[PDB]
Amino acid sequence: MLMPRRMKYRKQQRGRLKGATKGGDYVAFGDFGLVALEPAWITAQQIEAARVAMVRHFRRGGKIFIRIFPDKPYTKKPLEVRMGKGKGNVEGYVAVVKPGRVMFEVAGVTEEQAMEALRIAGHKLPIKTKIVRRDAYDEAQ
Amino acid sequence: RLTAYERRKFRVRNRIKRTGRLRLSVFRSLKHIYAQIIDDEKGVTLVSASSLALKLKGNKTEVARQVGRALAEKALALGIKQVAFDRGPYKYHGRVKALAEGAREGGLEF
Amino acid sequence: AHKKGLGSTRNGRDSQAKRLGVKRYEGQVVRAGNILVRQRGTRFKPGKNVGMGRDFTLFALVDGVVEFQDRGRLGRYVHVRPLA
Amino acid sequence: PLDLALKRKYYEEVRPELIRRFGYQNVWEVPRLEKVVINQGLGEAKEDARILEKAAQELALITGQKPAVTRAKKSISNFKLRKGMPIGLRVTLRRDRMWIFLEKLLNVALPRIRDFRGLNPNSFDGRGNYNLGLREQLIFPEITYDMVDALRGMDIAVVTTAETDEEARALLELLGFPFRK
Amino acid sequence: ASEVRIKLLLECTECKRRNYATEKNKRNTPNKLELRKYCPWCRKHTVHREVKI
RNA sequence: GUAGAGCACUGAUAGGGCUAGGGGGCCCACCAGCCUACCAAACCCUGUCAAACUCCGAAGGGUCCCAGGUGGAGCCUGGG
RNA sequence: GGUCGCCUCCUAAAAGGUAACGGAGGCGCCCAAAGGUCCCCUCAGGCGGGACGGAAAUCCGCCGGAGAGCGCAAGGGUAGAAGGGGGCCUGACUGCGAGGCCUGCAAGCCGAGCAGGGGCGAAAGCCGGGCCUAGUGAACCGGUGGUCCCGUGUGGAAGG
RNA sequence: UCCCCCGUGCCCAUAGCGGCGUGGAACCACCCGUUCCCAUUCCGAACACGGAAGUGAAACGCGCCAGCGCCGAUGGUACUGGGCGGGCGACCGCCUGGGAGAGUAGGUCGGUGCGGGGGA
RNA sequence: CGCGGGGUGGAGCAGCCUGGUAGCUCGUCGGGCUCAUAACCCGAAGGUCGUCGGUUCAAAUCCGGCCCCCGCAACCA
RNA sequence: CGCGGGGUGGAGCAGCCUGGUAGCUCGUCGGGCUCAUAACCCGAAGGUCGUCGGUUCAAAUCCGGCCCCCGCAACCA
Ligand SMILES: CN(CC[C@H](N)CC(=O)N[C@H]1C=C[C@H](n2ccc(N)nc2=O)O[C@@H]1C(=O)O)C(=N)N
Ligand SMILES: [Mg+2]
Ligand SMILES: [Mg+2]
Ligand SMILES: [Mg+2]
Ligand SMILES: [Mg+2]
Ligand SMILES: [Mg+2]
Ligand SMILES: [Mg+2]
Ligand SMILES: [Mg+2]
Ligand SMILES: [Mg+2]
Ligand SMILES: [Mg+2]
Ligand SMILES: [Mg+2]
Ligand SMILES: [Mg+2]
Ligand SMILES: [Mg+2]
Ligand SMILES: [Mg+2]
Ligand SMILES: [Mg+2]
Ligand SMILES: [Mg+2]
Ligand SMILES: [Mg+2]
Ligand SMILES: [Mg+2]
Ligand SMILES: [Mg+2]
Ligand SMILES: [Mg+2]
Ligand SMILES: [Mg+2]
Ligand SMILES: [Mg+2]
Ligand SMILES: [Mg+2]
Ligand SMILES: [Mg+2]
Ligand SMILES: [Mg+2]
Ligand SMILES: [Mg+2]
Ligand SMILES: [Mg+2]
Ligand SMILES: [Mg+2]
Ligand SMILES: [Mg+2]
Ligand SMILES: [Mg+2]
Ligand SMILES: [Mg+2]
Ligand SMILES: [Mg+2]
Ligand SMILES: [Mg+2]
Ligand SMILES: [Mg+2]
Ligand SMILES: [Mg+2]
Ligand SMILES: [Mg+2]
Ligand SMILES: [Mg+2]
Ligand SMILES: [Mg+2]
Ligand SMILES: [Mg+2]
Ligand SMILES: [Mg+2]
Ligand SMILES: [Mg+2]
Ligand SMILES: [Mg+2]
Ligand SMILES: [Mg+2]
Ligand SMILES: [Mg+2]
Ligand SMILES: [Mg+2]
Ligand SMILES: [Mg+2]
Ligand SMILES: [Mg+2]
Ligand SMILES: [Mg+2]
Ligand SMILES: [Mg+2]
Ligand SMILES: [Mg+2]
Ligand SMILES: [Mg+2]
Ligand SMILES: [Mg+2]
Ligand SMILES: [Mg+2]
Ligand SMILES: [Mg+2]
Ligand SMILES: [Mg+2]
Ligand SMILES: [Mg+2]
Ligand SMILES: [Mg+2]
Ligand SMILES: [Mg+2]
Ligand SMILES: [Mg+2]
Ligand SMILES: [Mg+2]
Ligand SMILES: [Mg+2]
Ligand SMILES: [Mg+2]
Ligand SMILES: [Mg+2]
Ligand SMILES: [Mg+2]
Ligand SMILES: [Mg+2]
Ligand SMILES: [Mg+2]
Ligand SMILES: [Mg+2]
Ligand SMILES: [Mg+2]
Ligand SMILES: [Mg+2]
Ligand SMILES: [Mg+2]
Ligand SMILES: [Mg+2]
Ligand SMILES: [Mg+2]
Ligand SMILES: [Zn+2]
C-alpha cells in the first residue's frame, strides 16, 4: 500500500475537481508514460494494482516511475448507520488526478514491451488513458 | 542585522518623534559636539550650532555648554521656544547634559 | 428501525465572530474619536493624529480625513490630515 | 599602564619576530591579546549547598578581580537544573590585570602540575583564538594548601586579534607556551 | 479567586473607611497588602492594608 | 487573501546525488580496519500534493467622494 | 449515547455575516511582580574550540531578520520590543468623558481631553494594571462596612 | 553655482551579501590614560570623562563585478465578472470586458531632500 | 458564616483533669532466651509539648492573637 | 465503533486522581538444617510500567489514536 507515513490532519475535506491538470504534464524520467484523460480519484489499491501489473510483465527489467501519490484520505460511514452523528471514518487513501497528468512512466525496455506493460497498466485503472512517448516538447520544459 | 548602537538610536529617537514638538539632535565625536533643531514633518533644519563652526576649544564638556547657549540665541531670534531634547545613543550626562543646560538657560524650552 | 448504537464526536464548537477589520476607509471624513481600524496585532500602525488602545484599536485624534500609506518594510500606517 | 615584564616582553621581542614572520604592512593588524575568560563552571552548587563562592574568593586571589556568577540557561532532568539555578563563575580579564595573570601562569603555574607535558596544539579556534582547561586549583601558591577543600578547576579561553590559527600559534608560542607536539 | 487566591477589600488608615477592592494571593505572599491610593473621602494620599472580603 | 498558482513558511512526497546514525558483513572480535545491489536524518537536483501551509494573486465584493438617476426611489415620526 | 456558556482556527465562496449530531483545539485561572515607569541588553539555532562536563550544565569564536521568547490553547502581532536585566516605584488612582466600534434588547468593547491629587524621568513625555482576543452571571432575596438621606403626633430607637 | 566629508530624513533590497581597491589634508573612527563626573550581576568590552602619541589594520566613507540575494517585462496560458451553447449523464466549449502565478528576455553593487563644514 | 476541642517520638498517646520530670504501651538496633516463630525479661535510642506572645519562682496544664485538623449548629439570593 | 474498566521482575496484587516516590506475596538462584527431600532459618538475583506519539525539565503517573483484555447497551415497533 501507500499511506503517507505521517500527516498534519487526519480527516480531509472532499473537494471539487474543476477543469484541467496543474502539473505532471510532461514525461521526465522514463521514455514512455501513462496519461490520464478524465478526472479521477486514483486509489492506493489501484496505483499498487497497476504497478505490480507491469513489473510482472517484464519480470526482471525496466525501471517503473510513479508520478501520483495517494495522500488524500478516503472517508466513509459504516453500514446500517444514518445521516450524521460524526463525520465518516477513514478507509484507504487516494490521489486526485485531472486530465493530462502522468501517473506511470517506464524507462529502458523494448518499445513493444513498454507499450504492453503500460497498456495492461491502464486496464487496472478506473479511467481512460493514453500511452505517450518522451518528446522534444517533453525535454523542452 | 543590527548593532546595539543603532538600536539605541532608533529607540531613543522614535519616542520623541511621536510628540510633534521640535527636535534638538545632539551629535558627539571624541573631538567636537554638534546640534541642530529640526522639524520632522517637512524634514528640515531650523538652526545649527556646533563646536567646530564656533571654533571653540578648551575642555570638551565646558566647550559644549556654550554651544548649547549659542543654539538658543540663534533660535530665539528666529521664534523657537518649544523643542524637545534628543539625547542620541548617549546617556544624558556630562557632555550632552551640558549642551542641554546651556540651551536651557539661553531661554530655550524643554 | 434505523438508529441503534453508533456514537458521536469529541469536537464541535466555534467562537463568537469578532467583526473586526478596517472601519474607516481613506477619504472618509471623520470626527475625533472614530475607530479607524479594529484588529488583533499591529497590521496597521498609528499615524498622524491617530492613537492606539490596549487592543490595537486605532482611533482618530482630531477631525480630518483618513489617509492610507503603505511604507513597505516598516508597514502600513493610518493617518488623518485634519482639514484645518 | 603598569610595569609588567610580559607586557614589555610582548613589545620588545614578540612584536618584531611576528612582523619578520608573516611580513605585516600596517602596525595594528599585528596579532595581540584581548581577554582571558576564566569559566569555573562548577555546576555543583545548583540547588546544592552554599559554598559556591568559597571558590569565587580564591578565584579572586588568582585573577585579582571578583568573579561574577552564571545561571542556568534551561532546565535539565539529567543534571538537576531549574531555569535559574547558579552553576558556575566567569571573570573577563582585560587590560593589565589580564597580562599579570599570564605572567604567573605561563612560567610558574603551568609547571606546578604533576605529569605535565606541554599544551594541546589542535585546540586553536579558526579565526584566531585558543582555549582548554584545568582541574587543580592550588596550581598557583597564591592559593595556599590549608585553604583545603574539594578541588575544582576552570575552563579558560584566550582571545586574540589573530586572524587565523596559524599566526596565532606564533604569538602564543612566542609568549611562552609549551606545546605538547 | 479559588481558595489560595483570596478576594479582599483594600483597607485604610488615614480615615479608616474603605475605598477600594481587588485581589491577591495568600499562598504566595501571606501578609497584608500594600498600595498608595488617593481617596475621594480624605482628599489625600494614604498607605493601605487589608481585611477579608 | 478567494479561483488560479506556488513551495518562501507548517507538512506531505516519489526517484536521484550527497551523507551523521542504524543494520549485514567481515578484518576481527582489547581500541581499531572504515566495506556495504540493506535501512536511513539533515541537505542538493529532478518531480509533485494541502480547508485549518502562502513567496505571490485575479476577476469580483465592500465602502467614501464626484456625476447620472423624479422612481409605487429614498428618508424621518407614528397607527395596522 | 453525545451535546448545551465563553475563546482560537478552518468550513465562509479575497469587506462584514453565515448553517450542519461539519474538521480540529482551549477557558471556569494566574501575577506585589508577570504591574508602573526611566535605563540598558538581543534570540532559536548551526559549525569550530571547551578539565570534570555528556546530544543539551556553564565558556570562547565567527554564523543568523526572527524560524526563539512573549504565564497557559490557537491566531494575528512582535527585536526600530510587546522579549531579557536593573534603579526608583504603585495610575492594580478618584471625580468625570467628546466621539465611535458592535448591536433586536439588554449587554459587551475603544477612548482623546478637563479637574483633583501622585509616580517614574533632566526632559519630550508616559501610568485609569498585564502584547491583544477566553479566565464567567441579569433581575430578586439576603450579609458586612460606611453615610447621616427617610423614620407614621414631637425626640429618640426599630427599620428602610 | 560643481566637488568632498559630517549630521539627518524621504524612498523601501534595483539600495543588500560577498569580493577587489581605497581615503586620514579636514571630519570621522580607532586611539592615550582611568584623577575627576559616570559605568560593569566580572572587566574602562560597553557606557563615562580627561586628552591627542599613533593609525586608517579593524569599523566606516567612496569606487569596482553579477557568485548569492533581490527587482524582472512582452507574448501566451490559468482562472474569471456578464451573456450563451451542444451532452443521457460525467463534464466540456463559444461570444464579451478583466486577466495572473510560474517561466523567458532582462534590470541592479542605488536614488535622493533640508542643515553644517571644507577645497573649485 | 456561627459555635464545640486541638495537636506533644514517625504513628498511636493519657499526661491535661490539678501551675513543678516531655510521657504509658506499639516501633527500631542491641543482650537474654531461642526447634524456630512467639510472647517474655534488660537497655538505650527519640521530641520543638501547632506557633508566636503573655500571667508567673516555674510550666505539657493558665491568658490574647493566631493557626490547623476534628466536630457541631444553622444558611445557601 | 459507543459508555466505563484493568495491562507493572515468572504467577497474582498496590502505586494513576494530587506529574520526580517499583511495593507486597508466592515463585527463583545461591548459603545452612537433616543420612536424604520438603518444611523451616540465612543472604542475593530479577521489569526501558500494552504501544505508537504526546505535554512538562522528566513521564508507572498528566495526554490523544489504532493493538489487547473486560463487563457493554445495539430499543430495531
Ligand atoms: C411494549 N409495552 C407497552 C408499550 C406500547 N404501548 C406498545 C409497544 O409495542 N411499544 C413498543 C413500540 C415501538 C418502540 N420502538 C421500537 C423501536 C424503535 N426504533 N422505536 C420505538 O419506538 O418500542 C416500544 C416499547 O417497547 O415501548 C410494554 N412492554 N409495557
Ligand atoms: Mg469511475
Ligand atoms: Mg520628511
Ligand atoms: Mg465526548
Ligand atoms: Mg458560527
Ligand atoms: Mg452559541
Ligand atoms: Mg516594526
Ligand atoms: Mg603607570
Ligand atoms: Mg551565555
Ligand atoms: Mg472607590
Ligand atoms: Mg523511500
Ligand atoms: Mg558494522
Ligand atoms: Mg571503503
Ligand atoms: Mg563506498
Ligand atoms: Mg531533504
Ligand atoms: Mg492539486
Ligand atoms: Mg487555500
Ligand atoms: Mg503571500
Ligand atoms: Mg479590485
Ligand atoms: Mg464604511
Ligand atoms: Mg409602520
Ligand atoms: Mg458592518
Ligand atoms: Mg515590572
Ligand atoms: Mg548581552
Ligand atoms: Mg546560544
Ligand atoms: Mg565545559
Ligand atoms: Mg556542553
Ligand atoms: Mg503567533
Ligand atoms: Mg521592554
Ligand atoms: Mg523590561
Ligand atoms: Mg527589578
Ligand atoms: Mg530618585
Ligand atoms: Mg468631555
Ligand atoms: Mg456620556
Ligand atoms: Mg460614551
Ligand atoms: Mg445598545
Ligand atoms: Mg487619560
Ligand atoms: Mg490578557
Ligand atoms: Mg509590560
Ligand atoms: Mg480579556
Ligand atoms: Mg455565564
Ligand atoms: Mg422576581
Ligand atoms: Mg444592606
Ligand atoms: Mg448597613
Ligand atoms: Mg434624624
Ligand atoms: Mg513619506
Ligand atoms: Mg569581485
Ligand atoms: Mg578594484
Ligand atoms: Mg592591494
Ligand atoms: Mg587605504
Ligand atoms: Mg592614512
Ligand atoms: Mg550600567
Ligand atoms: Mg554592562
Ligand atoms: Mg556612482
Ligand atoms: Mg567577477
Ligand atoms: Mg543576478
Ligand atoms: Mg501578460
Ligand atoms: Mg477563458
Ligand atoms: Mg459592477
Ligand atoms: Mg455568467
Ligand atoms: Mg463538449
Ligand atoms: Mg542578463
Ligand atoms: Mg558595494
Ligand atoms: Mg581640501
Ligand atoms: Mg452552639
Ligand atoms: Mg498540648
Ligand atoms: Mg522545654
Ligand atoms: Mg491497578
Ligand atoms: Mg510509594
Ligand atoms: Mg539415604
Ligand atoms: Mg518459606
Ligand atoms: Mg480524557
Ligand atoms: Zn482617606
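About the thresholds
For each chain, positions are counted from 1 along the sequence as written; this may not be the entry's numbering. Residues without coordinates are not shown. Here chains are named by letter from A upward and ligands by number from 1 upward, in the order in which they appear as written. This view covers only part of a larger assembly, and the values given relate to that part. Processing note: side-chain calculations cover all non-hydrogen atoms of the structure and skip hydrogens and water entirely. Residues with missing side-chain atoms are left out of burial classes, side-chain pairs and their counts. UniProt positions are given in the numbering used here, feature names are shortened, and annotations may be inferred rather than shown by experiment. Paired rings are identified among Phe, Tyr and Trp, the last through its six-membered ring, by centres lying within 6.5 Å, and are further divided according to the angle between planes into stacked (under 30 degrees), edge-to-face (over 60) and tilted (the rest). A run of H or I in DSSP becomes a helix once it reaches four residues, and a run of E becomes a strand once it reaches two; helices and strands are each numbered from the N terminus. By the criterion adopted, a ring carries a charge over it if an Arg CZ or a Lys NZ lies within 6 Å of its centre and within 35 degrees of its normal. Only heavy atoms enter the contact rule, under which two residues are in contact if any of them lie within 4.5 Å. Buried area: the accessible surface (1.4 Å probe) lost by two parts on joining, summed over both. We count a salt bridge whenever a side-chain nitrogen from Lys or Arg sits within 4 Å of a carboxyl oxygen from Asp or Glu. One less than the residue count of a helix, multiplied by 1.5 Å, gives the span that helix is expected to have. To get the bend at any residue, fit one axis to the seven residues that end at it and another to the seven that begin at it, then take the angle between the two axes. Classification of residues uses two cut-offs on accessible area relative to the type maximum, computed with a 1.4 Å probe and protein chains only: under 20% is buried, over 50% is exposed, and between them is partly exposed. When DSSP finds at least two bridges between two strands, those strands are taken to pair.

- Named according to the PDB entry, chain E is 50S ribosomal protein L33 originating from Thermus thermophilus HB27.
- Here the PDB entry title reads "Antibiotic blasticidin S and E. coli release factor 1 bound to the 70S ribosome".
- As recorded by UniProt, the Sequence similarities comment attached to chain E reads in full: "Belongs to the bacterial ribosomal protein bL33 family."

- Per the PDB entry, chain A carries the name 50S ribosomal protein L16 and comes from Thermus thermophilus HB27.
- Quoted verbatim from the Function field of the UniProt record, the comment on chain A reads "Binds 23S rRNA and is also seen to make contacts with the A and possibly P site tRNAs."
- The Sequence similarities comment attached to chain A in UniProt states, word for word, "Belongs to the universal ribosomal protein uL16 family."

### Details of the packing of aromatic side chains
- Scanning all chains against the criterion turns up 12 aromatic pairs over all chains.
- Ring geometry for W41 of chain A and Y74 of chain A: centres 5.7 Å apart, planes at 85 degrees, overall edge-to-face. With a gap of 33 residues between them, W41 of chain A in strand β2 (residues 40–43) and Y74 of chain A in strand β4 (residues 72–76) connect regions that are remote in the sequence.
- Members of the aromatic cluster, connected to one another through ring pairs, are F124, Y130, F177 and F179 of chain D.
- Just above the ring of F22 of chain D sits the side chain of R21 of chain D; from NZ or CZ to the centre is 5.9 Å.

### Re the interface of chain C and chain A
- The interface of chain C with chain A comprises seven residues on the first partner and six residues on the second.
- Across the chain C to chain A interface the summed buried area is about 600 Å²; carbon plus sulfur atoms make up 60%.
- When the buried area of chain C at its contact with chain A is split by residue, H2, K3 and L6 of chain C rank highest and sum to 64% of it.
- Along the contact surface separating chain C from chain A lie zero salt bridges.

### Let's talk about helix α1 (residues 5–21) of chain D
All names here are of chain D.
- The terminal C-alpha atoms of α1 lie 23 Å apart, and with 17 residues this matches the ideal 24 Å at 1.5 Å per residue to within 8%.
- The largest bend in α1 is about 40 degrees, located at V14, with the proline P16 one to four residues further on.
- Taken as a whole, α1 has its buried residues at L6, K7, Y10, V14 and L18.
- Packed against the buried residues of α1 are α3 (95–109) and α4 (165–174).
- A positive phi of about 50 degrees marks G23, the residue just after α1.

### Some thoughts on the pairing of strand β3 (residues 35–38) of chain C
All names here are of chain C.
- Bridge analysis of strand β1 (residues 21–22) against β3 gives two bridges, and the strand direction is antiparallel. The partner of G21 across the bridge, within β3, is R38.
- Relative to strand β6 (residues 58–60), β3 is paired through two bridges, and the arrangement is antiparallel. The partner of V37 across the bridge, within β6, is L58.

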